[PDB]
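A.B. asks: Dumping the structure here so I can ask a few things about it.
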Amino acid sequence: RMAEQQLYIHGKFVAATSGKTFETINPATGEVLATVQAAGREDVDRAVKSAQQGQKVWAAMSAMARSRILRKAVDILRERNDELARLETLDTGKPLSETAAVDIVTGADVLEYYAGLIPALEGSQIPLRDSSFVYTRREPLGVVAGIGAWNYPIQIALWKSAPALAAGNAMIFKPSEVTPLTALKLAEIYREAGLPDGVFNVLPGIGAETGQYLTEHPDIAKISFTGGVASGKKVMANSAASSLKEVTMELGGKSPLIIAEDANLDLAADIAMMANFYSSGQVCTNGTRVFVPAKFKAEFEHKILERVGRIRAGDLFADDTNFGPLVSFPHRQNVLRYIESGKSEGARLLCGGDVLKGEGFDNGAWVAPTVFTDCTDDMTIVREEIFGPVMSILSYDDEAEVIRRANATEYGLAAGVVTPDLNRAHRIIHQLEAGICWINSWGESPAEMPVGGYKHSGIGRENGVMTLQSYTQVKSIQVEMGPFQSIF
Amino acid sequence: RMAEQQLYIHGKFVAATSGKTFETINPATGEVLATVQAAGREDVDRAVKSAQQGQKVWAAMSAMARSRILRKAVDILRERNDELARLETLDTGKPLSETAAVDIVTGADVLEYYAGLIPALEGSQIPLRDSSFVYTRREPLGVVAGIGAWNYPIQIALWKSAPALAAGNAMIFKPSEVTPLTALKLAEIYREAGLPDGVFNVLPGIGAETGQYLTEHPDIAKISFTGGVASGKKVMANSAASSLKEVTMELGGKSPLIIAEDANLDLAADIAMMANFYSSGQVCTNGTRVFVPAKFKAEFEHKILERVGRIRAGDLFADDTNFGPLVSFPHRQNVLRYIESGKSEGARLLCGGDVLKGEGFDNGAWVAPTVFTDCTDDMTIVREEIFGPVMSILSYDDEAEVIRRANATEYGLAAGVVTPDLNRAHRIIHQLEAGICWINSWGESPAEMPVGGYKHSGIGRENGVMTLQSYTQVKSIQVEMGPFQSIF
Amino acid sequence: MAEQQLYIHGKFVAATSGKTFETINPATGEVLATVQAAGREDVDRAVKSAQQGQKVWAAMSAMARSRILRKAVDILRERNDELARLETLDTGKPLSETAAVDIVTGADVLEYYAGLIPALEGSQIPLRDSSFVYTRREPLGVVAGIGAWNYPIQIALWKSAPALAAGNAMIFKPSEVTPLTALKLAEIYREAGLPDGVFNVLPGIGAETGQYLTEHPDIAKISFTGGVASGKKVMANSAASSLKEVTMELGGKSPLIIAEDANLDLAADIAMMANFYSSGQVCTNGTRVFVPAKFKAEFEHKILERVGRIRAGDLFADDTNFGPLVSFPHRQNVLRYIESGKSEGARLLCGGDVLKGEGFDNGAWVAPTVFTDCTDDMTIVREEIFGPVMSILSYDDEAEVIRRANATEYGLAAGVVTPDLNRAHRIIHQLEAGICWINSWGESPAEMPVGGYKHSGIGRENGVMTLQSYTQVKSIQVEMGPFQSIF
Amino acid sequence: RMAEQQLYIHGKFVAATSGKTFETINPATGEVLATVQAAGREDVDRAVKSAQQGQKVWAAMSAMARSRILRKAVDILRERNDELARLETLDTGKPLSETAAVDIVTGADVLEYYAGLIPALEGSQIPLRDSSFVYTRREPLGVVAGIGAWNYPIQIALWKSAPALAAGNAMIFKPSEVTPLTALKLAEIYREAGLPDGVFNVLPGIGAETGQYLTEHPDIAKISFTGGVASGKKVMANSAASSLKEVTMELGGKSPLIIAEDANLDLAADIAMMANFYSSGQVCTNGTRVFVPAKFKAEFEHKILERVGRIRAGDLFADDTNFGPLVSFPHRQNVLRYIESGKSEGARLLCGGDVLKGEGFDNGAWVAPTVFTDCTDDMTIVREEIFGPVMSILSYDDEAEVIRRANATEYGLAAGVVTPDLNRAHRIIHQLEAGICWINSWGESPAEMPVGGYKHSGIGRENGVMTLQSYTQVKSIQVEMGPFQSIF
Ligand SMILES: CC(C)(COP(=O)(O)OP(=O)(O)OC[C@H]1O[C@@H](n2cnc3c(N)ncnc32)[C@H](O)[C@@H]1OP(=O)(O)O)[C@@H](O)C(=O)NCCC(=O)NCCS
Ligand SMILES: CC(C)(COP(=O)(O)OP(=O)(O)OC[C@H]1O[C@@H](n2cnc3c(N)ncnc32)[C@H](O)[C@@H]1OP(=O)(O)O)[C@@H](O)C(=O)NCCC(=O)NCCS
Ligand SMILES: [Cl-]
């Protein structure tokens, strides 16, 4: 066990005044990775006053000065990629083959992107008449709060903190209690790059206490939350009741992958695998409802089974391992309950469905890669996000039907279609009710591409130019050079 | 009186199935203007199903076809300006001198503005590599809901419905129970202009029921609310708990008006008058904290007294009337309680402070134009929105001090400065924490200018190009033309 | 008809040149009208009129300008058929085209820009707490447009709409071949409430009236539509005189690529519309049709079947879809190109000569003409003909067709016909042209910027960007801090 | 002495095949700094084929890959700032107090700015109907040519190459024959940073041969030229006559500085000094027509003379030197002809008017700081750009008059106003016909700010986001998914 992990406030680690702690577990062994201090209500207020002071220094700097500091943070992240990836693997259970190639790399890509856009953040000017004009400023919100999830801890912290800092704000970040460690490292890296004290503070803790203290604080102007649909509704509600904060929410999904009647089934099966079993199924954007034409279903199932057999579970630091345990043991239990629900409702188990057993698996929160077929739109596993390695295969007959069924859900995060046909690809995608759409691929989320959910899957967007703007507030200023007329 | 007012669903007036009605009162005479049907839970569901069907027709039209229909609505509104203004006066008690020059004129201006921008609504295209690119669509939200306030009934209905419809949505509008009449007229006008049935439905009712049914409905994608700060928090919370709706909120303020030491005091007094006594003080953006340099306070007070003496209360249809009663007797009661708190807390009454009495006033909720001076930052009348004709005059000594005090509030809607000095005007305005800032003027809200609140005064914005975009949602589409690679 | 005058400051006025020219009806050979030609003094009058009007125009509110342009739109829709008939007499294009395309799409662009006027915005850039920058998009002032003869009224609208919408006054010179509809537009604009001087029309000869505009010191921009060679001279003269901003929409030799998986009925329909509309007198025409060798014979048969359905005749008849060429001198140039095709070894698939008989002997008719077995070195393949002459070329592989499609000084338009998702985007992204069509040809939405690569143009028309290109940026720095001198 | 300077083509120095050379002179001593090879027609053809090959490599990289390479060039330029400034001082005669603080600093600022914007370069997407949409690409022009001037050699090379390279083009740069040395250093710096071979080639030579050969070449897509008005017309003409190239031109001016009646005259005099005598008056944007109110003329003249007396000419590497010789002896002769016309036409000489003589000046191209007053709008020195240290003071009586006179010129590059009054500052500036306007300052040209001329002072702009886009060409693409209809 590491030394007791402290809070990060105003450029330094600092002891919590709450008197409370929590533990993070290595999901591959069950051992305690570390004891972590939990931020109390007084700790949150202290972090906010620190952030207010830092934000004023940060915002008073020039745009290019802020860009240079974020770019130095990028360089440090690239250099420390493997060290951070290893820590992320210990905390999350994700294979090093993933964490060393994706988590920090794509997190730093977004920070690098926004570092370069700071000088392009511009207001507007509007002429009204010769004697009057309007101009606008895109001003910082002030102090914002980001609340992270556990599947991509450092990536999420970068995707929230990068636009927030680039827009001139200070952010107080609360990582998930499951995976608090990499965010504390990120805080040191930012300071090492020259970020002014207070601009990025990290408050580990529990959602019911630390997260709620942030959502309630009167001087925080915005909350950005990544997490579950149910917890999101609570965060957004508490954020409104306290001080009417601006809100961004990235929640889960039940995204459909539509295989067209002209699709090559090797390509479709490869896309379905990457849409379901990367990060052991713990990805909000996963294509967990795979729609396949009835005439192809039997062949597609065989192609899925062959590729499931190639999945290589084992030591998370081994080069060939491409599948890990789930993030925690309680989470494994929920995934298993969904699997039992699939059996009890009559879905046909094609493969998996149980924990992994044997030396190297008995002490980890492993679930076998699991595929259900003969699925129907009313089944619990088809309707609800599992956030585990569980693919649901559904047969369909015609294009209009599959679009209706793909859209008949409260979720709206992602979608995809597999087809070589120009007209079919655009025609279908334009009709799907989702914010993130992939044609003949899955999963790639470039820094330039806004991503977020329709309907219950989210509020607002992340990434792209628009997210830099959404971390500012517009001030309109009218200059009246004419004589003002009063009717009184 | 008038005929019983029904609901407007799918291009026709229709009876409510709630079995409930309410009365709208003429605030100048006390007479029942009309009996109005109240939309029940089932009526809201009918309106949503109507809106869904109409929205599909609307969105499938070409952009210019939508533009032309809204422009026909503009032309009808210009032709009926005076008739609609007189109706607005009957329902609100605001003088015809105001309604015939502002309410419909500026409401129709915003509709004309967005009508012309529909064809300019564009997504983006982002090249990733030779073998892949991303493009974005700005898609309609679907069915959205507007909830109006009673001070500017038809203007609010136009400022919400114009961008929502121009963005390809259908809107269900709930007017305030105080002032439902003009919204029903607007619904007929839209139909007459060629708006497809269902695209604009109007559901009169009470906030506790009809408003709550809209915030709760699972198939409404966005709520846009104008009203008080307190009611706003309830709407925003209920929108999250039910279906995680996008939300826009335009709430009240306690906006500061800063008179600089080099200001001409006749101009300052004229601006203060217009910032406090228009629409009898029932304006969210009013400059109700008037900061005057200590050395000019006495002279400024004299100039206010002289201009207050010229305010002309009387017949609301006479050209020289420039002051009306408050919208209801309960609202006047609240304004009178604030005036009494001002007296009891030691503020000096400069003028007014009582109800108006005599023939032509006894049946209306009239309050005299009221000015308090010798005010301090801790007084109730200085800290809280009154929404009545009550100006608070505060003295200050230096620029840094006045900026602090101007910003030391939870409200953030508007602000202004009076100064002929180039540096002082821009320098002060840039430090003020408000979304709407006026230099040497007050009140003008051009269609091009985004307007909305900082902090507790609002979420999001109205008007400007950005509000058109905010009634769309982004879908990002990646076209991957290279061979997809699975790691499994 | 009545002797046609110049239009300056809201009225018809006699030219001071003492010179006139005649415009010929291309279907009968008869003189339609005698038109006065603007001299150097007339241009100076138009410019001073424009300077006075532009100030009135620019001082109005943005929405005031929008309403006036929208009222011109309403007048244009109501007089569509009348304007179309005049266009047919002057151009020779069938009424089936002029009543459905010329005024409709010209008015579409005017309607489009009318609505964007209030969205024209500058920027604001903070530098530090004590200094910021804001920009204005200011009118250029007086700008000049020089039209072509194939789409007289449409081109006048596509140039004047963004110019006026941006707050400028425009002096428009129509082609001497086709001056009549531009003068009608001038009246319509005035009837809509456009202030006097904001749109002046100066008919005349390119060698005189055009050159006087390109040389005038108080004109800030020249916008020219025409041939590549004429464009180079206009742009040079605009530079040598007063360093004007320039926009040029010139000709092309645009390629139409038929893919190996293309449906040949669709390909043939696209090739027909890309070659024989307006009798082949369209700058964006796909006059190089690349077809896979394995499909060439079938494609040739399908083209011939559709050429036989072409209906030449009375231009005011509903079923007529093919007209004479705009002038007899132009037909002479088109016939010389056809003879080179014959002499250089291209195989004549149909047409190749003038049309004869009652109703055709007195008009400047050329039959729909198709060459095949063409090679990249032939004159008919390398140079814009601007007549109804399709060249069919065979190809074997994708890389080859892209190299050959791009192997030209022209850069205006291009297209591909394919149902395959990857092939359509992949090929289009590599073609060196500004206007690219997938599984279609010819559509030019008001929202879509259009213009040429390489020798086919400078700048763009239509879309939001063209509104901005008719403004000039002024950057303004507000320095609220103390200024420090090193002296 | 330095080594014979060669051409830079495809990542290496290479001998010209023209057989021709020229010499660059140290303007402070008259000595030969270096012999420089002159590129002939064949060398130009080779550089274009090099550029075509390099441009393909550069454009096929990712946007962030291009961004990183330019950022490494920024880092090298910052580290080598003093060495580069010293070389520029030797080649131009500008004091090191200027070159080490401005030339490379602001040149590198612009490269840094555009490096970060590469990922934000985006096309558009326009929906037409359900069955068809349009998207646009911002494609590189290909090979572009920059032709520099001699007053700010390395800065001009950076301001032209930075947006051109950031947009994916290759640039062939021709420096002025007066000042070729720093451009060749920049080429090595770009290669050291990782710029692919051929993307930045430098061809020293004469305008009549090397300049003309580039403007004529069929495979160069755009010309960007900085220089005199007369040469500009010739460049723009040859660019059109050959292959109809896109053009950008930054030419000279006769920019007005308007001192208002309420201006502080010390501030006005400091601004006029910086607007006339920086770089010895060899700045295109200089405020050489100084309009002063008649009532303040005498006092303003006194304050100018006092500040002129502080000008410190001397050793160009000494810290306190703030005034240098002119760039060449032929240019001094032209400046002297203008000064003589000022005397002969009746303008009153307040100071200067002759060369500087004595030890340390006799071998340099020195002209004394010169001020004329009692100037009138018809004088040659008032109407024509001198590009030397010659200020013209003009008296005026009222605002309308000074605006007319300020605008009564074929030039349009810059302008400025000195006034503390809010209304006067914006009101006057909005009426001036110039692309670059300064209020209460002069000379600052932020990377974010587009700069360029009205009328004869230029075509197009430099700096700002718009200049990155102007180095691309728009391709519009319509996808028609519905059945195509032929009328034949
Ligand atoms: C561990 C597990 C229980 C999820 O944790 P949870 O307690 O349900 O919380 P959520 O993931 O919904 O919310 C994310 C974060 O919101 C915050 N949060 C929760 N309740 C909060 C509240 N009332 N106020 C403020 N913040 C709160 C916490 O920081 C939480 O981090 P956590 O994941 O460690 O709890 C897991 O078994 C699970 O259900 N995961 C499936 C998917 C999911 O619900 N969310 C993950 C991303 S979609
Ligand atoms: C520039 C030139 C080549 C144009 O060739 P062209 O297009 O065959 O010539 P045209 O006279 O038909 O010009 C076409 C259009 O440009 C117009 N035009 C010609 N000169 C113009 C000018 N200086 N300004 C404006 N418009 C001009 C013509 O009026 C005509 O308009 P319209 O036909 O639409 O009514 C020709 O005008 C010229 O100057 N010839 C001398 C050089 C030459 O022939 N080529 C040298 C080859 S090495
Ligand atoms: Cl050195």
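Starting from 1 in every chain, residues are counted up; chains themselves are A, B, ... following the order of the structure tokens, and ligands are numbered from 1 as listed.
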Using all C-alpha atoms matched in sequence order, least-squares fit chain A onto chain D and give the RMSD rounded to one decimal in Å.
C.D. replies: 0.2 Å
A.B. asks: Would you mind listing, as a list in words, all residues of chain B that have at least one atom within 7 Å of chain D, where only C-alpha atoms are what counts?
C.D. replies: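 The answer, sorted by residue number, is residues 60, 62, 122, 123, 124, 125, 126, 128, 129, 135, 136, 420, 421 and 422 of chain B.
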A.B. asks: Output as a ChimeraX atom specification the set of chain C residues within 8 Å of chain D, with distances taken over only C-alpha atoms.
C.D. replies: /C:125,133,220,232-233,235-237,239-245,266,269-270,272-273,306-307,309-310,321,428,433-440,447-450,453-455,457-458,472-480,483-487
A.B. asks: Next, dump the selected residues to file, keeping only C-alpha atoms, as an mmCIF file, in the first residue's frame.
C.D. replies:
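For reference, result.cif as written:
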data_model
loop_
_atom_site.group_PDB
_atom_site.id
_atom_site.type_symbol
_atom_site.label_atom_id
_atom_site.label_comp_id
_atom_site.auth_asym_id
_atom_site.auth_seq_id
_atom_site.Cartn_x
_atom_site.Cartn_y
_atom_site.Cartn_z
ATOM 1 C CA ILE C 125 -9.958 39.760 -29.936
ATOM 2 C CA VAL C 133 -8.964 44.550 -31.075
ATOM 3 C CA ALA C 220 -12.707 48.852 -55.708
ATOM 4 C CA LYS C 232 -6.460 37.128 -67.970
ATOM 5 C CA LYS C 233 -6.714 40.486 -69.736
ATOM 6 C CA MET C 235 -7.475 40.850 -64.289
ATOM 7 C CA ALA C 236 -4.266 42.402 -65.628
ATOM 8 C CA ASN C 237 -5.913 45.697 -66.592
ATOM 9 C CA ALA C 239 -4.176 45.495 -61.573
ATOM 10 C CA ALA C 240 -2.249 47.916 -63.798
ATOM 11 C CA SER C 241 -4.793 50.722 -63.206
ATOM 12 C CA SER C 242 -5.794 50.899 -59.522
ATOM 13 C CA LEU C 243 -4.978 47.536 -57.879
ATOM 14 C CA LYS C 244 -8.560 46.356 -57.688
ATOM 15 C CA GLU C 245 -9.730 43.277 -55.849
ATOM 16 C CA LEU C 266 -27.684 6.909 -64.902
ATOM 17 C CA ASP C 269 -28.431 10.706 -68.176
ATOM 18 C CA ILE C 270 -25.697 12.569 -66.274
ATOM 19 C CA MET C 272 -26.453 14.260 -71.387
ATOM 20 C CA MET C 273 -27.332 16.896 -68.786
ATOM 21 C CA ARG C 306 -30.859 9.933 -75.700
ATOM 22 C CA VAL C 307 -29.472 12.298 -78.354
ATOM 23 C CA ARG C 309 -34.843 12.309 -78.096
ATOM 24 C CA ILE C 310 -33.463 15.874 -78.221
ATOM 25 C CA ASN C 321 -35.418 21.406 -75.016
ATOM 26 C CA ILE C 428 -13.505 13.277 -55.647
ATOM 27 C CA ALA C 433 -11.672 21.279 -59.338
ATOM 28 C CA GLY C 434 -13.762 23.628 -57.223
ATOM 29 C CA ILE C 435 -17.213 22.164 -57.987
ATOM 30 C CA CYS C 436 -17.628 18.404 -57.649
ATOM 31 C CA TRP C 437 -20.780 16.380 -58.220
ATOM 32 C CA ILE C 438 -21.358 12.761 -57.120
ATOM 33 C CA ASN C 439 -24.109 10.969 -59.072
ATOM 34 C CA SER C 440 -25.466 14.217 -60.478
ATOM 35 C CA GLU C 447 -25.353 27.958 -50.111
ATOM 36 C CA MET C 448 -22.580 26.239 -52.049
ATOM 37 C CA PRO C 449 -19.400 28.194 -52.943
ATOM 38 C CA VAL C 450 -18.564 27.695 -56.626
ATOM 39 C CA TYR C 453 -8.991 25.988 -59.614
ATOM 40 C CA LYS C 454 -5.964 26.976 -61.779
ATOM 41 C CA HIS C 455 -6.987 28.829 -64.964
ATOM 42 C CA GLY C 457 -11.104 31.229 -61.792
ATOM 43 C CA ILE C 458 -10.140 33.471 -58.924
ATOM 44 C CA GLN C 472 -13.062 44.425 -46.618
ATOM 45 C CA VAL C 473 -11.712 43.961 -43.113
ATOM 46 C CA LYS C 474 -10.763 46.923 -40.938
ATOM 47 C CA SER C 475 -8.905 45.998 -37.752
ATOM 48 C CA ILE C 476 -9.123 48.473 -34.858
ATOM 49 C CA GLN C 477 -6.907 48.297 -31.769
ATOM 50 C CA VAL C 478 -8.124 50.023 -28.617
ATOM 51 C CA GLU C 479 -5.093 50.723 -26.424
ATOM 52 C CA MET C 480 -6.256 51.749 -22.959
ATOM 53 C CA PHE C 483 1.713 54.285 -24.797
ATOM 54 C CA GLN C 484 5.496 53.976 -24.479
ATOM 55 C CA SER C 485 7.861 55.608 -26.961
ATOM 56 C CA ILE C 486 11.514 54.539 -27.233
ATOM 57 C CA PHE C 487 12.424 58.106 -28.321
#
A.B. asks: Show me which residues sit within 7 Å of ligand 2 when counting only C-alpha atoms and all ligand atoms, and put them as a list in words.
C.D. replies: residues 147, 148, 149, 175, 176, 177, 205, 206, 207, 208, 210, 211, 214, 226, 227, 229, 230, 232, 233 and 234 of chain C
A.B. asks: Take the residues that were just selected and, keeping N, CA and C atoms, output them as a tab-separated table (two decimals), in the first residue's frame.
C.D. replies:
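out.tsv written:
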chain	number	residue	atom	x	y	z
C	147	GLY	N	-20.76	40.69	-66.97
C	147	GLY	CA	-21.47	39.45	-67.17
C	147	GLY	C	-21.11	38.75	-68.46
C	148	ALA	N	-21.53	37.50	-68.54
C	148	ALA	CA	-21.39	36.72	-69.76
C	148	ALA	C	-22.76	36.61	-70.43
C	149	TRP	N	-22.78	36.00	-71.60
C	149	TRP	CA	-23.99	36.01	-72.40
C	149	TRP	C	-24.83	34.75	-72.25
C	175	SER	N	-23.02	41.40	-71.17
C	175	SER	CA	-22.44	41.11	-72.46
C	175	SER	C	-23.18	41.86	-73.56
C	176	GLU	N	-22.42	42.39	-74.52
C	176	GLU	CA	-23.01	43.06	-75.68
C	176	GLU	C	-23.91	42.14	-76.48
C	177	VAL	N	-23.69	40.82	-76.38
C	177	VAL	CA	-24.56	39.86	-77.05
C	177	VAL	C	-25.95	39.86	-76.43
C	205	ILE	N	-19.55	47.58	-75.31
C	205	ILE	CA	-18.61	46.61	-75.85
C	205	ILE	C	-17.54	46.35	-74.79
C	206	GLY	N	-17.04	45.11	-74.76
C	206	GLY	CA	-16.02	44.77	-73.78
C	206	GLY	C	-14.76	45.59	-73.99
C	207	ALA	N	-14.39	45.81	-75.25
C	207	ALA	CA	-13.18	46.54	-75.57
C	207	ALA	C	-13.23	48.00	-75.12
C	208	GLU	N	-14.42	48.57	-74.94
C	208	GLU	CA	-14.56	49.94	-74.48
C	208	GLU	C	-15.18	50.00	-73.09
C	210	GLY	N	-16.19	47.73	-70.90
C	210	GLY	CA	-15.53	46.89	-69.91
C	210	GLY	C	-14.19	47.45	-69.48
C	211	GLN	N	-13.37	47.87	-70.45
C	211	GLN	CA	-12.04	48.35	-70.10
C	211	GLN	C	-12.12	49.64	-69.29
C	214	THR	N	-12.66	48.55	-65.72
C	214	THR	CA	-11.48	47.95	-65.10
C	214	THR	C	-10.40	48.98	-64.81
C	226	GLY	N	-16.54	34.87	-67.82
C	226	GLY	CA	-16.28	34.78	-69.25
C	226	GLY	C	-15.23	33.72	-69.55
C	227	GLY	N	-14.58	33.87	-70.72
C	227	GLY	CA	-13.58	32.91	-71.14
C	227	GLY	C	-12.24	33.11	-70.45
C	229	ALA	N	-9.16	33.32	-71.61
C	229	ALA	CA	-8.26	34.32	-72.19
C	229	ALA	C	-8.75	35.73	-71.86
C	230	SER	N	-10.05	35.99	-72.03
C	230	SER	CA	-10.61	37.29	-71.70
C	230	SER	C	-10.40	37.62	-70.23
C	232	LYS	N	-7.83	36.70	-68.26
C	232	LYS	CA	-6.46	37.13	-67.97
C	232	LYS	C	-6.26	38.60	-68.29
C	233	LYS	N	-6.85	39.08	-69.38
C	233	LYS	CA	-6.71	40.49	-69.74
C	233	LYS	C	-7.45	41.38	-68.74
C	234	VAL	N	-8.67	41.01	-68.37
C	234	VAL	CA	-9.42	41.82	-67.41
C	234	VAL	C	-8.64	41.95	-66.11
A.B. asks: Please report the interatomic distance between atom CA of residue 217 of chain D and atom CA of residue 168 of chain D in Å with one decimal.
C.D. replies: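 For atom CA of residue 217 of chain D relative to atom CA of residue 168 of chain D, the distance reads 19.8 Å.
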A.B. asks: Within 12 Å of ligand 3, counting only C-alpha atoms and all ligand atoms: which residues, as an mmCIF file with N, CA and C atoms, in the first residue's frame?
C.D. replies:
data_model
loop_
_atom_site.group_PDB
_atom_site.id
_atom_site.type_symbol
_atom_site.label_atom_id
_atom_site.label_comp_id
_atom_site.auth_asym_id
_atom_site.auth_seq_id
_atom_site.Cartn_x
_atom_site.Cartn_y
_atom_site.Cartn_z
ATOM 1 N N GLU D 79 15.419 30.544 -29.503
ATOM 2 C CA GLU D 79 16.751 30.322 -28.948
ATOM 3 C C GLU D 79 17.812 31.068 -29.743
ATOM 4 N N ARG D 80 17.603 31.240 -31.045
ATOM 5 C CA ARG D 80 18.568 31.909 -31.905
ATOM 6 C C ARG D 80 18.184 33.357 -32.188
ATOM 7 N N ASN D 81 17.331 33.944 -31.343
ATOM 8 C CA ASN D 81 16.824 35.293 -31.596
ATOM 9 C C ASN D 81 17.953 36.320 -31.737
ATOM 10 N N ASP D 82 18.905 36.311 -30.803
ATOM 11 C CA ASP D 82 19.952 37.329 -30.781
ATOM 12 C C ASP D 82 20.916 37.175 -31.956
ATOM 13 N N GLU D 83 21.286 35.944 -32.285
ATOM 14 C CA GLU D 83 22.135 35.716 -33.447
ATOM 15 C C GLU D 83 21.440 36.208 -34.711
ATOM 16 N N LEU D 84 20.170 35.843 -34.884
ATOM 17 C CA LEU D 84 19.430 36.262 -36.073
ATOM 18 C C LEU D 84 19.244 37.776 -36.116
ATOM 19 N N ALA D 85 18.969 38.396 -34.968
ATOM 20 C CA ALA D 85 18.812 39.845 -34.942
ATOM 21 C C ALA D 85 20.090 40.539 -35.383
ATOM 22 N N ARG D 86 21.236 40.030 -34.938
ATOM 23 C CA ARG D 86 22.506 40.649 -35.300
ATOM 24 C C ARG D 86 22.760 40.560 -36.797
ATOM 25 N N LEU D 87 22.459 39.409 -37.397
ATOM 26 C CA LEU D 87 22.584 39.270 -38.843
ATOM 27 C C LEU D 87 21.665 40.246 -39.569
ATOM 28 N N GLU D 88 20.417 40.383 -39.095
ATOM 29 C CA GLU D 88 19.466 41.309 -39.709
ATOM 30 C C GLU D 88 19.939 42.754 -39.582
ATOM 31 N N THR D 89 20.499 43.117 -38.427
ATOM 32 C CA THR D 89 21.068 44.455 -38.274
ATOM 33 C C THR D 89 22.190 44.698 -39.292
ATOM 34 N N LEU D 90 23.072 43.715 -39.488
ATOM 35 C CA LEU D 90 24.144 43.872 -40.468
ATOM 36 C C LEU D 90 23.593 44.060 -41.876
ATOM 37 N N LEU D 96 20.067 47.083 -33.365
ATOM 38 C CA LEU D 96 19.823 45.850 -32.627
ATOM 39 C C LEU D 96 18.752 46.051 -31.562
ATOM 40 N N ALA D 100 16.419 42.725 -32.221
ATOM 41 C CA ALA D 100 16.398 41.684 -31.198
ATOM 42 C C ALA D 100 15.106 41.674 -30.398
ATOM 43 N N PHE D 317 24.972 48.201 -32.686
ATOM 44 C CA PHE D 317 24.981 47.136 -31.698
ATOM 45 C C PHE D 317 25.002 47.676 -30.274
#
A.B. asks: Give me, as a PyMOL selection string, the set of residues whose atoms come within 6 Å of any atom of ligand 1, counting only C-alpha atoms and all ligand atoms.
C.D. replies: chain A and resi 147+149-150+176-178+206-208+211-212+227-228+231+234-235+251-252+284+330-331+387
A.B. asks: Determine, counting only C-alpha atoms, which protein, DNA and RNA residues have an atom within 7 Å of an atom of segment 8-22 of chain A; residues of the same chain fewer than 5 positions away are not included. Present the result as a list in words.
C.D. replies: residues 35, 36, 37, 38, 39, 40, 43, 47, 50, 184, 191, 197, 198, 201, 202 and 203 of chain A
A.B. asks: Write out as a PyMOL selection string all residues of segment 39-176 of chain B that backbone DSSP assigns to strand (DSSP E).
C.D. replies: chain B and resi 123-129+132-140+143-147+170-174
A.B. asks: Once DSSP has gone over the backbone, tell me which residues of segment 32-251 of chain A are in alpha helix (DSSP H), as a PyMOL selection string.
C.D. replies: chain A and resi 41-60+63-79+81-92+96-98+104-117+153-166+181-192+212-216+229-243
A.B. asks: Using only C-alpha atoms, pick whichever of C:441, C:199, C:132, C:410 has the shortest atom-to-atom distance to residue 9 of chain C.
C.D. replies: C:199
